[PDB]
Amino acid sequence: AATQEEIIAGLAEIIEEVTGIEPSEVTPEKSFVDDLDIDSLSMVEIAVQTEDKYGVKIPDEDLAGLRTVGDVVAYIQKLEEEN
Amino acid sequence: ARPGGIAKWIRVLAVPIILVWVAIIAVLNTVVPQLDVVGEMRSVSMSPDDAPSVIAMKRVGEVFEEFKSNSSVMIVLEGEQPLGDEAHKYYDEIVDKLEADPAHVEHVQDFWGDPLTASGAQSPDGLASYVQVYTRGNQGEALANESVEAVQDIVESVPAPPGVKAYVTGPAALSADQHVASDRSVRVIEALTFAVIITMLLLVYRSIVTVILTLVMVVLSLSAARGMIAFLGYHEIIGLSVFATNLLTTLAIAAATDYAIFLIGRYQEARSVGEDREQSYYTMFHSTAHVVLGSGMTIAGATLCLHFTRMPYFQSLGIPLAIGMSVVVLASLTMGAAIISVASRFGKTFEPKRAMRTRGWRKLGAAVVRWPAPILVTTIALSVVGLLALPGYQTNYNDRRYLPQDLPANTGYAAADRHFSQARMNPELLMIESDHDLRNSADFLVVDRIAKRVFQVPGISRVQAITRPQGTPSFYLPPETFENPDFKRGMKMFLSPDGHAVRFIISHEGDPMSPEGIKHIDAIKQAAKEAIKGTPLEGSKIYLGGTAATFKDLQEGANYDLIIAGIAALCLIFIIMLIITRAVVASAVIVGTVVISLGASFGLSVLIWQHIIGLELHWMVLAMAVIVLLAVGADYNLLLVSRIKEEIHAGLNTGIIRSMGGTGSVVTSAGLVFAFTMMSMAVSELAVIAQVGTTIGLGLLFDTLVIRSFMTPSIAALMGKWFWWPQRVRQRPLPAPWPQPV
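About the criteria used
- Per chain, the count goes from 1 following the written sequence and can depart from the entry's numbering; residues without coordinates do not appear at all.
- Written order decides the labels, with chains lettered from A and ligands numbered from 1.
- Hydrogens and waters are ignored; side-chain quantities use all the structure's heavy atoms.
- Numbering of helices and strands runs from the N terminus; a helix is a DSSP stretch of H or I covering at least four residues, while a strand is a stretch of E covering at least two.
- The buried label applies to any residue whose accessible area, calculated with a 1.4 Å probe on protein chains only, is under 20% of its type's maximum; exposed applies above 50%, and partly exposed to all values in between.
- To measure how exposed things are, a 1.4 Å probe is used in the Shrake-Rupley method; for residues, cover is taken only from the protein chains shown.
- Charge assignment in this entry is limited to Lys and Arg as positive and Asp and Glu as negative, and neither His nor the chain termini are counted.
- Charged side chains are reduced to one point each, which is NZ for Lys, CZ for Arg, CG for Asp and CD for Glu.
- We call two residues in contact whenever any of their non-hydrogen atoms come within 4.5 Å of each other.
- Computed with a 1.4 Å rolling probe, the buried area is the accessible surface lost when two parts are put together, summed over both parts.
- Any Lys or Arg side-chain nitrogen found within 4 Å of a carboxyl oxygen on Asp or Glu counts as a salt bridge.
- The convention used is that axes are lines fitted to C-alpha atoms, helices contributing only their stretch in contact, and that angles between N-to-C directions extend from 0 to 180 degrees.
- Any angle that is under 35 degrees is reported as roughly parallel, and any over 145 degrees as roughly antiparallel; angles of 65 to 115 degrees are reported as roughly perpendicular and all others as oblique.
- When DSSP finds two or more bridges between a pair of strands, those strands are recorded as paired.

Deposited coordinates in this entry are attributed by the record to cryo-EM, at a stated resolution of 3.09 Å.

This is the structure in structure tokens:
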């Protein structure tokens, strides 16, 4: 089970590609588009990238409520730990 | 990108190959006249030689010993006052001058001069009189155009009396006038196309040096294509036509600037990623030279599929367009790459002046990938809704409406329609060839029966023969009537010199230029065949020629032509795509997307032209538009699919997203340029060329807006692993471990 920093760094690397935001600017305490200005369709891009190159499952139903990077990393961990 | 191979050779030999291309262009443009000139003096026949109408007209000429070519021009004299003795003198002088020149005037049917048939030539109101002049050279040929010009010059030479103007019109004159209109409008169409390219490339690249170099590449490639095609035409090694010249100029310029956009955009993207000039150029070549070569192979093959057709207006698009596009693509791949290489070493010419727009295109690709089924359904419906134009689509063949009204042939038709019916000005020649002498009373009553039967055919207004010198006069010929000098003159005017055949002049009731006359030809042949039945001369030939027979042949040939050319071009483009991508499913997907986009293009073009423009769509427009769309839309889809294949390594869905983000701006720019250059044909005086250009431009606008941007990526996302069959590809790769914090 990867700890917080691993998924935070991976999502920061992906965000560097989707938008260009520097990786250290992606920290759990801050939020998504209401803070970092990452459109919901760019959120869909994050979802697709993390589906592909990290192999996790994120559906559209749960993507709407994902309003902080803390929430998305918590979702990744919560899907990860139970095999 | 390994620094080696053909890219290495082009890079090291960039200056020598630039010099070689420039020298080749100079040789081709200085040893052979320009494309417009050679197209004028090496035009191809309007109708194929093997067509029944052309052989029928040739048989008419050789049996009657009057002419040997299928081209007739109508000379119409229209006077404000009724045509009196002065009009007769003017017409006789015109006829004498025409007969004085046998190099261009093979024969003149002096119907008006003879008082027996004079009222046949005159209008019912007695204000206009028409005379037929069989010229030299088959209709549409350069010899026929020269003969039409000679006839017009002869007509203008003779001083007309007070009033009474003489116009030269007719099918051969119509073809000569379409060449004249194209010559008038080629300068303006090329100027508009170049202005559109300049402005839109200025908007795209925002760099003056980059756009100047791009236009240098485009102009050199287009000049190379024009020079090669002119060299081929001037040596008679290939045929050529006005459609070939105009379409080749526009296709060459548009595809050359598309290849320029592809290479420049890929090079700029590689530069913006961070690769050095040499590495960026090598990446650009290894990722875009193959797709540009494949794009050119598809265009050349699609055009070449028109060479295996039957009519000369498509055989003239087969080989010339194929070779022109092939030399354009070689010019791009070699000269443009060399220019990019040399300009890279000089300053910052090809460095992008702004960050390439990917965020929007990446977002669009993510939307396509995440929900591929709804997007695909939406675009399929929005592209099939164009097929609603089928119940009402028309394919009018009347070149009257597709030419400027101020041209000599159109003015002659306008003068004719003011006093004659529309059908009279395009008559029909009918014959029966009797094995025995045909100057017999029984034979003459049989001829009268044939004339009556052809008259009774619906849609036929006038029949003219020896028995009926005009439209309308137990019919028996006393033997003393055979010795009448007037009747003997009528005989020699209407019978074969050996007295074994007759000629019938047929004037329809409706338009002879439309499917109504097309069915009229078969009805006339059937009526003649049933009339000749039960007669001592049963078994004669029913050779019928003229405009309506010619376009009956052309209409059936054009239906089969469009079907076979579409199938062949489709299969060959699919073969090329399979060769490039090595994926049968991806090639079939490109095929399907382009076909559906073509359906939408048909719908939109028919809607605009037949409903807001008001001009019916020409028949040859369908063939050229279908060919060019199957070429260029497949080229765009192939570029997208090649980028997707390159990006698969990082993943399948993310591969589509990255490919769309990287090529959205490039493909949008190229498609906008191509579509706008094709709609630049709308300024051409040839309204058929305008229709072709507007159809293709609207189709490629539709393509680069919805088809290649949504349908192809959505289909790719839906198929996933199967999209690259049989090539063993994977879905999302093995889940990489989460990276350690930095």
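1. A look at the overall build of chain B
Looking only at helices and strands, chain B features 23 helices and eight strands. Every one of the 742 residues in chain B was classed for burial, and the buried ones make up 61%. For chain B, the accessible area works out to roughly 27700 Å², and carbon and sulfur atoms hold 64% of it. Placing the 57 positive and 63 negative side-chain charges of chain B at their respective mean positions leaves the two points 18 Å apart.

2. Remarks on the interface of chain B and chain A
Taken residue by residue, the interface counts 23 residues in chain B and 29 residues in chain A. Of the roughly 2300 Å² buried between chain B and chain A, counting both surfaces, carbon and sulfur atoms make up 54%. When the buried surface of chain B facing chain A is broken down by residue, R362, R370 and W738 of chain B rank first, second and third, together holding 34% of it. Our count for the contact surface shared by chain B and chain A stands at six salt bridges. The partner of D39 of chain A in a salt bridge is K363 of chain B, with the nearest N and O atoms 2.8 Å apart.

3. Here's the deal with the environment of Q731 of chain B
Residues and elements named next belong to chain B. For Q731, the location among the structural elements is in the segment after α23 (687–719). Taking the C-alpha atoms as reference, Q731 lies 6.8 Å from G651; in sequence the two are 80 residues apart. The contacts of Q731, once residues within four sequence positions are left out, are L652, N653, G720 and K721.

4. With respect to the packing of helix α14 (residues 372–384) of chain B against helix α20 (residues 584–613) of chain B
Residues and elements named next belong to chain B. The interhelical angle for the contact between α14 and α20, taken along N-to-C directions, is 40 degrees, at an axis separation of 7 Å. As judged from the angle between their axes, α14 and α20 are oblique. In this structure, α14 uses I380, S383 and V384 to contact α20, whose residues at the interface are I596, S597, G599 and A600.

5. Comments concerning the pattern of salt bridges
Residues and elements named next belong to chain B. Summed over the entire model, instances satisfying the criterion amount to 30 salt bridges over all chains. Across the pair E78 and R418 runs a salt bridge, and its minimum N-O distance is 2.6 Å. Taken together, the residues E78 in strand β1 (residues 72–78) and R418 in the loop between α15 (408–417) and β5 (428–430) connect sequence positions 340 residues apart. Note on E78: relative accessible area 9%, which makes it buried. A salt bridge links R271 to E351, with the shortest nitrogen-to-oxygen separation between them at 2.3 Å. Note that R271 is positioned in helix α10 (residues 242–273) and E351 in the loop between α12 (312–344) and α13 (359–370), a separation of 80 residues in sequence. For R271, a relative accessible area of 22% translates into the label partly exposed. Take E351: its relative accessible area is 11%, and that puts it in the buried class. One continuous salt-bridge network, built from bridges that share partners, spans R266, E269, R643, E646 and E647.

6. Some thoughts on the sheet that holds strand β3 (residues 128–135) of chain B
Residues and elements named next belong to chain B. Read from one edge to the other, the open sheet built from four strands follows the order β2-β3-β1-β4, with strand pairing classed as antiparallel. The outermost strands of the open sheet, each flanked by one partner alone, are β2 (105–109) and β4 (165–169). The mean inter-strand angle of the sheet, taken between neighbouring strand axes irrespective of direction, is 25 degrees. Here β2 runs beside β3; their pairing, made up of four bridges, is antiparallel. Along β3, the bridge assignment pairs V105 with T135. Each of β1 and β4 is contacted by α15, which is oriented at about 115 degrees to β4, the strand it contacts most.

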